[PDB]
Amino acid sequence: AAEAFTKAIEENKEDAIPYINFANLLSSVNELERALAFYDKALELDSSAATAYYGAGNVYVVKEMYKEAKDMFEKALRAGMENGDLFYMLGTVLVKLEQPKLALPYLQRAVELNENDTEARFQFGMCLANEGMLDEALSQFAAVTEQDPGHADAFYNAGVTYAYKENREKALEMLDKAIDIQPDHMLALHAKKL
C-alpha cells in the first residue's frame, strides 16, 4: 500500500534503489507523474540504474508516449537490462512508431527467450511479414495457432501474408478460419471480398 518505502529513503538519501521501489509502488497506485519524479531522482543518483529507465518507460507506455518509451527502454537495455519483457516492450513500442526494421531483432529475441509467449510471437510474425520475410512470418503465425487456436488475428494476418505470396488458395483457407473463429472480423471480411 504505502509506508516502509518512505522511511527507507530517509537516512539513505544517497541510494537509488529505495527511490525506484517507491516509484514502482506509485505506478501501481495510479500516481504516474509522481512515479516519474522518483525515477528521475534515482537516475540523478545512478544514471546506470536500468530498472529506473524501465519503470519510467512503462509509465510512458501507459500514457502512450511511445517515442519517449522507446528512449527509456533503449536506455534500460543500454544500462544492462536484458530479458524477455524488455525486448518485448521495446519491440512492440518500435512497432507503434513505424520502423519495424528496428523492432525485428528485439522481437526475435523475446520469442527465443520465451518460446511460450504467444503475444510476442504474434508481433514478431507481423513484423517479419512486413519486412518481406514472408515464409518465416507464416512459421511464426502457425506456432501462434498451435498455442492459441482461438487466435483469429493470427489466421487473418496469415491470410494476408499468402496474398503477398501470390496465392488465392491458402489465403482464403486461413481467412476462412478467422471468420470461423470470430464471425464479426470485419477486416477478414473485407479482405475476403477481394
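All residue numbers refer to positions in the sequence shown, first residue = 1.
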Tell me which stretch, 7-15 or 20-28, has the higher mean Cα B-factor listed in the entry. 7-15
Please work out which of 158-166 and 40-48 has the higher mean CA B-factor as recorded in the PDB entry. 158-166
Comparing against every modelled residue in the chain, figure out the third that the C-alpha B-factor of residue 58 lands in (lowest, middle or highest). lowest
By its CA B factor, does residue 35 count among the lowest, middle or highest third of the modelled residues in the chain? lowest
